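Data first, discussion second: the structure below is written as structure tokens.
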Amino acid sequence: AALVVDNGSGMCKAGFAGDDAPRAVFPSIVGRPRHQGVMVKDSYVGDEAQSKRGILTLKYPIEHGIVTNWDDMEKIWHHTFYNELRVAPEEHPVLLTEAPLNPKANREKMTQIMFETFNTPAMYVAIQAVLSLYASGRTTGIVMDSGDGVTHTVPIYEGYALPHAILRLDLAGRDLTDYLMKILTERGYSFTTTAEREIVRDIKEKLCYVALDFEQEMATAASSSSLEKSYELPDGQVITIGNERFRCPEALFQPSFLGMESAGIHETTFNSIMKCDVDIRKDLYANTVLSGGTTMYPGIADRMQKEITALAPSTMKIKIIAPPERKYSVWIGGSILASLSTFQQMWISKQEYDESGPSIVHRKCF
Amino acid sequence: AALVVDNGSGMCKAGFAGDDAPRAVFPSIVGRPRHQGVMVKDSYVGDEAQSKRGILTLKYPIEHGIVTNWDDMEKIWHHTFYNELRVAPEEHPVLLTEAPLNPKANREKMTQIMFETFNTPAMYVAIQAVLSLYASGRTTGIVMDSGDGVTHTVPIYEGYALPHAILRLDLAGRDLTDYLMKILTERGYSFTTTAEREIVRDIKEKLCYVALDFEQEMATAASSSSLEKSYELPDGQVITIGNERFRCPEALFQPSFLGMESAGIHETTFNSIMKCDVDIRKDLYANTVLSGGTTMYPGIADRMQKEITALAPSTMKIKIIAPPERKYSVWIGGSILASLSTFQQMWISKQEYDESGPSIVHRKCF
Amino acid sequence: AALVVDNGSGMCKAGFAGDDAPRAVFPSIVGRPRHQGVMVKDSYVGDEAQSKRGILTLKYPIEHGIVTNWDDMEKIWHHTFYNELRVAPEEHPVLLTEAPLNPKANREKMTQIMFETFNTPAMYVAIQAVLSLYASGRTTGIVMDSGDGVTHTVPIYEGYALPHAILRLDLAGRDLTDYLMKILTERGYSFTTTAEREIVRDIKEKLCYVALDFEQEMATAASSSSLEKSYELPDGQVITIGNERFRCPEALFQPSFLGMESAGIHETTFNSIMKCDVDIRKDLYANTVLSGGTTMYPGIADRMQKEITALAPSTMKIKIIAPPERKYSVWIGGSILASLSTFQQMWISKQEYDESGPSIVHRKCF
Amino acid sequence: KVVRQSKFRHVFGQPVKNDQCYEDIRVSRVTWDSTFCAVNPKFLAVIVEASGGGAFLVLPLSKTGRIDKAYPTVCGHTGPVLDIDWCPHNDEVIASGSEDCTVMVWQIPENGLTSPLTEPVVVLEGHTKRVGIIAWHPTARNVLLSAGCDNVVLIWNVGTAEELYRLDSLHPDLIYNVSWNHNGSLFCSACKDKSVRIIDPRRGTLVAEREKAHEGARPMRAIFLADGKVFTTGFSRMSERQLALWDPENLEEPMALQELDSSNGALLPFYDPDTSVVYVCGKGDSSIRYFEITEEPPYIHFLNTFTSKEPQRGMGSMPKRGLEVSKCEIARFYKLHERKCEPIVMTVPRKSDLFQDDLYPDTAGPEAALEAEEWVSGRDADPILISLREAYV
Amino acid sequence: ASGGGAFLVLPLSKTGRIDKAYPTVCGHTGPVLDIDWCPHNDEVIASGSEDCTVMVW
Ligand SMILES: Nc1ncnc2c1ncn2[C@@H]1O[C@H](COP(=O)(O)OP(=O)(O)O)[C@@H](O)[C@H]1O
Ligand SMILES: Nc1ncnc2c1ncn2[C@@H]1O[C@H](COP(=O)(O)OP(=O)(O)O)[C@@H](O)[C@H]1O
Ligand SMILES: Nc1ncnc2c1ncn2[C@@H]1O[C@H](COP(=O)(O)OP(=O)(O)O)[C@@H](O)[C@H]1O
Ligand SMILES: [Mg+2]
Ligand SMILES: [Mg+2]
Ligand SMILES: [Mg+2]
């Protein structure tokens, strides 16, 4: 019984190899009390921090894919094994996931904590973009993974990765949440605390969508009330938002809304295909796979199809593959990989790590 | 059922004796991966390497008619017998071809592999120039065989070959491909990888031609757009070329474009006729046969006719014989030879070779 | 008083013929504001764009030795004549420099702008590799000029150029800067904007060096802190780099670090010598001249000496000539040439160009 | 548990630096599929292309870099050399088989060759066809085996130039290879009729035989293991390369049978009895796959694969006495290209810098156990084991 | 430490921001695990590291 743990900047998906969905999906947050207790636990993790967030200061241990505090990162992993999955980590091999072009120093801490703190018998670290391609049943395609921290475009052809063509965008779900908070103040609603970030994130996941034509959608919102939607706050107060529904996801295609100089996700994907060999670009155009939670906006696949078609030659067939379960594609691909018989040769034992070190993890892995 | 294998520097033509065309025509390339596989075959030959060339490094085992790596040369022959013709080589006699003035050490390796590695029952090695004369139904004439590696001029009179008059030109199809890649950067197109060598070779075989008068063609291309042609790359990008269409094949007649000191194909053919006896030059002028893929440019026969007429005396009749199937003249002449009745006395049995050695192959063969 | 203008992909060196160093050296950049002005000049060039780069988007009009925008290319030349040198271009003859195998269409635009836009009285275009050989006082030797856009290896013997042996490597200073940004993210430092590209380029010019033995240096950096250096960013923040100091210039010898299929600068120089006649290779081995800013890494000449010695025969004497002023060898050689009395016959007058055209510029020049 | 217990699951290959290679070597162009390379802790022997006759290049291990084109070679054969094998008890003695139907034993000076070596120590003449198989006896001194294309196996005493045993009526077709067992009482062989045979030379009898060990018509290889089993490489009926483990006491079915790929070129197995690791190097391949032979099913356990971009023309393996123990090196392979010999180091990654007792047990020494006269009588002895801790620096 | 092992020894008066290039005790080839001052000498400190050695400074 192998464990598949997918640690992202915002959510932690964990479960067992062979299942179809993660058994445990909770926010990757650590909350600490910011008031004094007056009536006769110093930290809260995950959903227990989300239910007491009114008196807590919420912090994400992972920011932009970078672990800002490893002590809080161990609290997420300890909460995963003992509270969410309720397993003994020293009895199950664990398949971990890592971002593309992950620093070796980050992989060494992840391997050192799993073998020395949790004493897992075996371990393996897989690339998240490769697992997302396993879930779609493909060996060729460029994966655009946009989660909570960062956005990556990883081209893969016939099972071979092109690391020189991997592009990165410091713009994902958390930057869109902060942008929604900023433009919500333009409507009269003030969200400032870390507990209100989780409220705005819930507004974004429920009411935000990607407009096919942004300027026509801005004109429809200015001459009609058809695009307006209501949202009930935890205290019963109801707010109404109009063009903020499609202006927040528009920052994915126009990063200048955030004061950024980079290009949108559509040009980042196109520029990553152009960095590949000319003989593999045709298959990458027809196998553009979306992965992550930030790709779950309604209408993002039609907009992605329209923007890349305008960039690519007219004879190329642009095909955006957006599976309905792409929010868990990394975990599903890991559950598929950890169950293959040809994968059991990839496990790194704890006994092997104690005598050899992290050098065997830099090999064997990619 | 005798096999007729025509191995060249660029293409491999194989089939069965008696047919009118080779059944298997694939590039003589070996491709090896140059990236790391990230998803759970170390070499590719022929078309399977040409379809995956985006992630491969392509190599020709034969360079300038010289086998640079016999391990990859056996991969071409194994791919010919087992993947292209799908026959058992131990059941069919194989007719092989050799370049003019072929080194005996090269023929000994070719014979030793066909008898020991593939265990062919019978075998024979024929001269490519003599086979090209069988395909045209002639016993007298000088054959200018220009393939992908080297260019030869072989005079033959009444079935007798004149080895002292055979001239060689280290300039064929692959040197014209490399020259097209160089002059394409002058137009703004950068082709550098071995996978882009195959793209430029495809541009050369479709858009290049031989100008009857080169200076008049350079003046027409400088004051008009009638000679410009477009070409679509595998990624859908369209490039346009103008005078590069007739400048690339012009290196055949002016090798100084490549920094070479040698003479063109027209003077090489004329110098080979002047090395023969005076009593046979008359029939050689009237029977100049073209052979090979490099002789497939539009207008190469009229330009060859014009240049040799200027060099030869005014009373001689220059006649350039360029059959429309001269790309496969060597194989066709081999399928004709292996089907005759007076040829069955030329086979060399595997039992004869095991007890005698390559000495019986040096005799019998020319 | 003739002017010597050396335009490169990265820096523009200008001055007066007869001086020992360029009087004006500024980056060949054009910066444009990417924010909105709120308090009561739409482009900046050179050092003025480098001082306001925090609010500008910086672009290079020349990429890989190819002018991508001629409007911004004329801004560099106008900034050179009027702002840097502070001269009237219609009064001084100008000596320009061109890359080896320069496309004639590129030279025509250069000659046309100098005569029609700036109205220079006389003009001449010299090859940068030939000028670098004038600066070292030689007529024989192969020049490896690696600047910011491209790398060339040009063999010259007794004042004769061998154009068929000129090789090109699409890998120079700007590709090493982009690679340094990529491996700096592996250390926790994120540089993404075009203004931070100029910061990473400044880290490269100050802290990067070439290791004599790369794998030995990687083992020294893995077991010690002696190779670590600090760098203060413009905002006072200090970063520390270790093995990235010699891993970035290592891409010059292992282009596979960038996903490239080509060979290193040492094999490109060796392959360029092998394309020459056998009777001149001995003098090219003993006269290997380095030129450009990318050849300014500490230890690049000893590594170049060590690598070419392993490729060349044992009886050849490898001698790498790296003058300490080789960053300006092209300009210095131009100032030397424009002062010779045997050069005044090479000027092309504006009156001659108006009546004849660029045909007199294709002749006279090489 | 989850991971199979092993010490060599993370062995990785690493080619040496370019200055530690051997360039400018005209490697032989013979179609016969031997190793072409024989190396001991002293010299490196490579079968080279001679302009006339046959010759092989003997050069010290220190003589690295580009080799002179006029370097003296061991040119004594009148036909191309087919097989070379260093004497396990004498680092300066090497036997060579050639197409002139003879076997020559040579004595190499301590500092190598200064002039070309043409006269050997002894010319063993007993075969009627070319000799392409040579195997020294592991324990008995001066005992050499030779198998020619006349389908006969001959046992020689090099010290007296005598022919100890002639075994002519045991192989009906072409013999592929011959491998002695541990102590040297039996030897196995693969034949062109797809049969693997185990033969006792001193009694001239056939101990065991398995007909059609591999169904394909491409060549096979059969080697003896330390425990007494037979590891074979071959081709299936579908032309798929296979590995097979055989129990000589029960040859009805193979203990293990794994398929590797569908490439051509024979698979040359390199067995290391100290680590129980078989290195499979295919002729014309660019990769080296190593497997661990244990007692746990499926017996054959794939460890890893060293991959490169150049196909190998030959392959030599350094014995244990010449490896760098202080760097956790368990194997060194001298990969032969067409004009270069590139050593490849196999290393077990260990954090510790001390001597690894579990990696280096007692290996066979350069001292013979018996002699030619004692072995003929019927004496059987194990190879004399030495220690490798003294080699630690 | 970027390579090997090191530990930072700074006087108690040296407060505030510490220079990134401040000299450290970097004699170990592996990361330092434990440090301990000598109770009878305020200038002698011992350090254990992953290179399996104990260095007294
Ligand atoms: N239905 C949805 N619509 C829009 N955004 C969503 C939706 N569901 C999740 N998200 C966003 O996806 C982000 C994280 O998704 P995920 O792929 O799990 O990232 P990570 O891998 O970093 O955990 C969150 O910031 C969340 O706001
Ligand atoms: N239609 C064509 N026009 C011009 N060149 C061609 C054409 N077809 C093939 N070639 C060239 O001919 C060369 C090989 O022809 P061929 O004689 O079959 O090669 P070989 O005999 O050496 O295998 C190739 O380099 C290819 O570029
Ligand atoms: N001291 C140095 N060390 C390493 N690289 C340098 C140094 N000085 C300049 N460079 C690099 O040289 C490149 C440009 O040099 P130069 O030859 O002047 O370019 P160009 O010929 O295109 O003007 C720049 O990209 C810069 O990064
Ligand atoms: Mg994710
Ligand atoms: Mg041909
Ligand atoms: Mg320059």
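Numbering starts fresh at 1 for the residues of each chain in the structure tokens, the chains themselves are lettered A, B, ... in the order given, and ligands are numbered from 1 as they appear.
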- Message: Near chain C, meaning an atom within 12 Å, which residues of chain D appear when counting only C-alpha atoms? Write them as an NGL selection string.
- Response: :D and (14 or 16-24 or 64-69)
As an mmCIF file with C-alpha atoms, in the first residue's frame, please: every residue in region 22-117 of chain A that DSSP puts in strand (DSSP E).
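Generated output (out-v3.cif):
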```cif
data_model
loop_
_atom_site.group_PDB
_atom_site.id
_atom_site.type_symbol
_atom_site.label_atom_id
_atom_site.label_comp_id
_atom_site.auth_asym_id
_atom_site.auth_seq_id
_atom_site.Cartn_x
_atom_site.Cartn_y
_atom_site.Cartn_z
ATOM 1 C CA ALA A 24 -7.322 13.762 1.941
ATOM 2 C CA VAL A 25 -7.455 17.240 0.381
ATOM 3 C CA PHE A 26 -6.890 20.086 2.845
ATOM 4 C CA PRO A 27 -5.369 23.582 2.686
ATOM 5 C CA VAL A 30 -0.672 26.805 9.554
ATOM 6 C CA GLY A 31 -2.705 29.062 11.850
ATOM 7 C CA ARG A 32 -1.501 30.549 15.122
ATOM 8 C CA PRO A 33 -3.580 32.424 17.720
ATOM 9 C CA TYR A 44 -3.502 24.581 13.770
ATOM 10 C CA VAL A 45 -2.988 22.865 10.420
ATOM 11 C CA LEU A 56 -5.773 32.809 13.952
ATOM 12 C CA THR A 57 -3.049 34.272 11.759
ATOM 13 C CA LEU A 58 -2.823 32.023 8.697
ATOM 14 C CA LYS A 59 0.502 31.389 6.958
ATOM 15 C CA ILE A 62 5.076 27.281 0.655
ATOM 16 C CA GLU A 63 5.215 30.534 -1.302
ATOM 17 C CA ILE A 66 9.495 27.777 -2.292
ATOM 18 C CA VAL A 67 9.312 26.476 1.273
ATOM 19 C CA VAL A 94 5.554 7.301 -0.183
ATOM 20 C CA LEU A 95 5.540 8.732 -3.706
ATOM 21 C CA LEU A 96 6.202 12.474 -3.602
ATOM 22 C CA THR A 97 5.780 15.119 -6.288
ATOM 23 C CA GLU A 98 8.068 18.014 -7.185
#
```
Original post:
Counting only C-alpha atoms, what is within 7 Å of residue 157 (chain C), bar same-chain residues fewer than 2 positions away, as a ChimeraX atom specification?
Top reply: /C:139-141,155,159-161
Write out as a PyMOL selection string which residues come within 12 Å of residue 209 (chain A) when counting only C-alpha atoms, dropping same-chain ones fewer than 4 positions away. chain A and resi 176+203-205+213-214+217+227+229+242-252+294-303
Print the selection's residues with N, CA and C atoms to a file, as a tab-separated table (two decimals), in the first residue's frame.
```
chain	number	residue	atom	x	y	z
A	176	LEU	N	-3.82	35.74	-8.06
A	176	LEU	CA	-5.16	36.12	-8.49
A	176	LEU	C	-6.07	36.40	-7.30
A	203	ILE	N	-14.61	33.07	-3.04
A	203	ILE	CA	-15.36	33.83	-4.04
A	203	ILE	C	-14.78	33.60	-5.43
A	204	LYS	N	-13.45	33.49	-5.51
A	204	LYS	CA	-12.79	33.30	-6.80
A	204	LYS	C	-13.11	31.93	-7.39
A	205	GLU	N	-13.10	30.89	-6.55
A	205	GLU	CA	-13.35	29.53	-7.02
A	205	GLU	C	-14.81	29.29	-7.40
A	213	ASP	N	-13.82	37.01	-25.10
A	213	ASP	CA	-13.35	38.33	-25.53
A	213	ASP	C	-13.52	39.28	-24.36
A	214	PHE	N	-12.39	39.78	-23.84
A	214	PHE	CA	-12.42	40.55	-22.60
A	214	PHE	C	-13.10	41.90	-22.79
A	217	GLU	N	-16.78	41.60	-23.08
A	217	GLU	CA	-17.36	41.26	-21.79
A	217	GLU	C	-17.39	42.46	-20.86
A	227	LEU	N	-24.44	39.82	-15.79
A	227	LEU	CA	-23.23	39.15	-15.33
A	227	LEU	C	-23.02	39.27	-13.82
A	229	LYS	N	-23.38	38.57	-9.87
A	229	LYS	CA	-23.63	37.42	-9.02
A	229	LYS	C	-23.49	37.83	-7.56
A	242	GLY	N	-19.59	42.15	-10.29
A	242	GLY	CA	-19.94	42.15	-11.69
A	242	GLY	C	-18.79	41.78	-12.60
A	243	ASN	N	-18.04	42.78	-13.06
A	243	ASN	CA	-16.93	42.52	-13.96
A	243	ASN	C	-15.70	41.96	-13.25
A	244	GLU	N	-15.66	42.02	-11.91
A	244	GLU	CA	-14.56	41.40	-11.18
A	244	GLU	C	-14.53	39.89	-11.37
A	245	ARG	N	-15.61	39.30	-11.87
A	245	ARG	CA	-15.64	37.86	-12.09
A	245	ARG	C	-14.68	37.44	-13.20
A	246	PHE	N	-14.60	38.23	-14.28
A	246	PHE	CA	-13.71	37.91	-15.38
A	246	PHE	C	-12.49	38.82	-15.46
A	247	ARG	N	-12.42	39.87	-14.64
A	247	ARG	CA	-11.22	40.69	-14.60
A	247	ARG	C	-10.11	40.04	-13.79
A	248	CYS	N	-10.47	39.27	-12.76
A	248	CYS	CA	-9.44	38.58	-11.97
A	248	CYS	C	-8.75	37.48	-12.77
A	249	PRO	N	-9.45	36.56	-13.45
A	249	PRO	CA	-8.73	35.58	-14.27
A	249	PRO	C	-8.09	36.17	-15.51
A	250	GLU	N	-8.44	37.40	-15.89
A	250	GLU	CA	-7.81	38.04	-17.04
A	250	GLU	C	-6.35	38.36	-16.78
A	251	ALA	N	-5.94	38.49	-15.52
A	251	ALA	CA	-4.53	38.71	-15.20
A	251	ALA	C	-3.66	37.53	-15.61
A	252	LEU	N	-4.24	36.35	-15.82
A	252	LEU	CA	-3.47	35.22	-16.33
A	252	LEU	C	-3.00	35.46	-17.76
A	294	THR	N	-5.78	26.46	-10.87
A	294	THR	CA	-5.93	27.72	-11.59
A	294	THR	C	-6.38	27.53	-13.03
A	295	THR	N	-6.39	26.30	-13.53
A	295	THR	CA	-6.94	26.00	-14.85
A	295	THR	C	-8.40	25.56	-14.78
A	296	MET	N	-9.04	25.70	-13.63
A	296	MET	CA	-10.42	25.26	-13.44
A	296	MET	C	-11.43	26.38	-13.65
A	297	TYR	N	-11.02	27.50	-14.23
A	297	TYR	CA	-11.97	28.56	-14.52
A	297	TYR	C	-12.85	28.15	-15.70
A	298	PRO	N	-14.15	28.44	-15.64
A	298	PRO	CA	-15.01	28.19	-16.81
A	298	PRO	C	-14.62	29.08	-17.97
A	299	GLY	N	-14.38	28.46	-19.12
A	299	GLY	CA	-14.01	29.19	-20.31
A	299	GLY	C	-12.53	29.44	-20.49
A	300	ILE	N	-11.67	28.83	-19.68
A	300	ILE	CA	-10.24	29.05	-19.82
A	300	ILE	C	-9.67	28.22	-20.97
A	301	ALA	N	-10.30	27.09	-21.30
A	301	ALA	CA	-9.80	26.25	-22.39
A	301	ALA	C	-10.15	26.84	-23.75
A	302	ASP	N	-11.32	27.46	-23.87
A	302	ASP	CA	-11.69	28.10	-25.13
A	302	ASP	C	-10.86	29.35	-25.37
A	303	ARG	N	-10.56	30.10	-24.31
A	303	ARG	CA	-9.69	31.26	-24.44
A	303	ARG	C	-8.26	30.84	-24.74
```
Selection: 12 Å around residue 290 (chain C), only C-alpha atoms, excl. self and same-chain fewer than 4 positions, as a PDB file with C-alpha atoms, in the first residue's frame:
```pdb
ATOM      1  CA  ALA C 129      37.706  39.026 -37.537  1.00  0.00           C
ATOM      2  CA  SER C 132      41.001  41.661 -34.647  1.00  0.00           C
ATOM      3  CA  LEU C 133      44.005  40.266 -36.529  1.00  0.00           C
ATOM      4  CA  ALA C 135      45.149  44.580 -33.545  1.00  0.00           C
ATOM      5  CA  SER C 136      47.434  41.636 -32.723  1.00  0.00           C
ATOM      6  CA  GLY C 141      45.747  32.981 -37.583  1.00  0.00           C
ATOM      7  CA  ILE C 142      42.245  31.831 -36.722  1.00  0.00           C
ATOM      8  CA  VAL C 143      40.166  34.336 -34.745  1.00  0.00           C
ATOM      9  CA  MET C 144      37.546  33.045 -32.302  1.00  0.00           C
ATOM     10  CA  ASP C 145      35.366  36.133 -31.819  1.00  0.00           C
ATOM     11  CA  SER C 146      32.704  35.538 -29.159  1.00  0.00           C
ATOM     12  CA  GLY C 147      30.666  38.611 -28.280  1.00  0.00           C
ATOM     13  CA  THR C 151      30.499  33.100 -31.893  1.00  0.00           C
ATOM     14  CA  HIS C 152      32.599  32.824 -35.058  1.00  0.00           C
ATOM     15  CA  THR C 153      35.846  31.034 -35.901  1.00  0.00           C
ATOM     16  CA  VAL C 154      37.563  32.654 -38.880  1.00  0.00           C
ATOM     17  CA  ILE C 265      34.018  26.614 -28.798  1.00  0.00           C
ATOM     18  CA  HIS C 266      37.100  24.389 -28.603  1.00  0.00           C
ATOM     19  CA  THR C 269      37.800  26.100 -33.525  1.00  0.00           C
ATOM     20  CA  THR C 294      32.863  36.495 -23.920  1.00  0.00           C
ATOM     21  CA  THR C 295      36.571  35.602 -24.117  1.00  0.00           C
ATOM     22  CA  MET C 296      37.269  37.707 -21.005  1.00  0.00           C
ATOM     23  CA  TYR C 297      36.607  34.983 -18.435  1.00  0.00           C
ATOM     24  CA  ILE C 300      39.394  30.674 -20.618  1.00  0.00           C
ATOM     25  CA  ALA C 301      42.713  30.669 -22.498  1.00  0.00           C
ATOM     26  CA  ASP C 302      44.256  27.895 -20.391  1.00  0.00           C
ATOM     27  CA  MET C 304      41.105  26.564 -24.552  1.00  0.00           C
ATOM     28  CA  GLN C 305      44.774  25.550 -24.684  1.00  0.00           C
ATOM     29  CA  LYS C 319      49.261  28.629 -28.796  1.00  0.00           C
ATOM     30  CA  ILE C 320      46.239  30.642 -27.646  1.00  0.00           C
ATOM     31  CA  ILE C 321      46.825  34.386 -28.043  1.00  0.00           C
ATOM     32  CA  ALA C 322      44.572  36.250 -25.584  1.00  0.00           C
ATOM     33  CA  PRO C 323      45.657  39.894 -25.370  1.00  0.00           C
ATOM     34  CA  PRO C 324      44.477  41.698 -22.223  1.00  0.00           C
ATOM     35  CA  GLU C 325      42.672  44.280 -24.403  1.00  0.00           C
ATOM     36  CA  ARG C 326      40.860  41.749 -26.616  1.00  0.00           C
ATOM     37  CA  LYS C 327      37.468  43.163 -25.603  1.00  0.00           C
ATOM     38  CA  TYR C 328      38.207  46.029 -28.033  1.00  0.00           C
ATOM     39  CA  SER C 329      40.373  44.187 -30.578  1.00  0.00           C
ATOM     40  CA  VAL C 330      37.829  44.823 -33.336  1.00  0.00           C
TER      41      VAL C 330
END
```
With the cut-off set at 10 Å and counting only C-alpha atoms, tabulate each residue of chain E with an atom at most that distance from an atom of chain C, showing the nearest atom pair and its distance in Å to one decimal, ordered by chain and increasing number, as CSV.
```
residue,atom,partner,partner_atom,distance
E:1,CA,C:225,CA,6.6
E:2,CA,C:225,CA,5.9
E:3,CA,C:222,CA,4.3
E:4,CA,C:223,CA,4.0
E:5,CA,C:224,CA,7.4
E:6,CA,C:225,CA,8.4
E:19,CA,C:238,CA,8.5
E:20,CA,C:238,CA,6.7
E:21,CA,C:230,CA,6.3
E:24,CA,C:225,CA,9.5
E:26,CA,C:225,CA,7.0
E:27,CA,C:224,CA,7.9
E:28,CA,C:224,CA,7.8
E:29,CA,C:223,CA,4.8
E:30,CA,C:223,CA,6.7
E:31,CA,C:223,CA,9.2
E:51,CA,C:223,CA,9.9
```
Compute the set of protein, DNA and RNA residues whose minimum atom distance to ligand 4 is at most 8 Å, using only C-alpha atoms and all ligand atoms, and state it as a VMD selection string.
chain A and resid 6 to 9 11 99 128 145 to 148 291 to 293 330
Output of the above residues as a short mmCIF file (atom, residue, chain, number, x, y, z; two decimals), in the first residue's frame, restricted to N, CA, C and O atoms:
```
data_model
loop_
_atom_site.label_atom_id
_atom_site.label_comp_id
_atom_site.auth_asym_id
_atom_site.auth_seq_id
_atom_site.Cartn_x
_atom_site.Cartn_y
_atom_site.Cartn_z
N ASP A 6 0.79 14.77 -2.77
CA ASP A 6 1.01 15.89 -3.69
C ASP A 6 0.93 17.18 -2.88
O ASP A 6 -0.16 17.65 -2.55
N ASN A 7 2.09 17.75 -2.57
CA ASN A 7 2.17 18.98 -1.79
C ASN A 7 2.29 20.16 -2.74
O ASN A 7 3.29 20.29 -3.45
N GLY A 8 1.28 21.02 -2.74
CA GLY A 8 1.30 22.25 -3.50
C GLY A 8 1.43 23.47 -2.59
O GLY A 8 1.50 23.37 -1.37
N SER A 9 1.45 24.64 -3.24
CA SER A 9 1.56 25.88 -2.48
C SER A 9 0.28 26.18 -1.71
O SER A 9 0.33 26.90 -0.70
N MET A 11 -2.84 23.65 -1.65
CA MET A 11 -3.56 22.45 -1.22
C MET A 11 -2.61 21.27 -1.15
O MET A 11 -1.63 21.18 -1.89
N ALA A 99 8.06 20.17 -8.27
CA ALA A 99 7.88 21.10 -9.36
C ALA A 99 8.96 20.92 -10.42
O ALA A 99 10.03 20.37 -10.13
N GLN A 128 5.81 16.72 -11.34
CA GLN A 128 4.36 16.90 -11.37
C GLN A 128 3.83 16.94 -12.80
O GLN A 128 2.73 16.45 -13.07
N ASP A 145 0.84 23.62 -16.06
CA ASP A 145 0.39 23.41 -14.69
C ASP A 145 0.39 24.75 -13.97
O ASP A 145 1.45 25.35 -13.76
N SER A 146 -0.79 25.21 -13.58
CA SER A 146 -0.96 26.44 -12.82
C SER A 146 -1.70 26.10 -11.54
O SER A 146 -2.89 25.75 -11.58
N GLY A 147 -1.01 26.18 -10.41
CA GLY A 147 -1.62 25.88 -9.13
C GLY A 147 -1.87 27.12 -8.30
O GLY A 147 -2.50 28.08 -8.76
N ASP A 148 -1.37 27.12 -7.06
CA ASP A 148 -1.53 28.26 -6.17
C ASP A 148 -0.28 29.13 -6.10
O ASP A 148 -0.40 30.31 -5.75
N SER A 291 -3.42 21.58 -16.28
CA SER A 291 -3.32 20.91 -15.00
C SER A 291 -3.29 21.95 -13.89
O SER A 291 -2.76 23.05 -14.07
N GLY A 292 -3.87 21.59 -12.75
CA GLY A 292 -3.88 22.46 -11.59
C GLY A 292 -5.23 23.12 -11.37
O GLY A 292 -6.14 23.06 -12.20
N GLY A 293 -5.35 23.76 -10.20
CA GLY A 293 -6.60 24.40 -9.84
C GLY A 293 -6.84 25.71 -10.55
O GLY A 293 -8.00 26.06 -10.82
N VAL A 330 -2.20 15.64 -11.07
CA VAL A 330 -0.88 15.27 -10.56
C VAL A 330 -0.99 14.07 -9.62
O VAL A 330 -0.17 13.15 -9.68
#
```
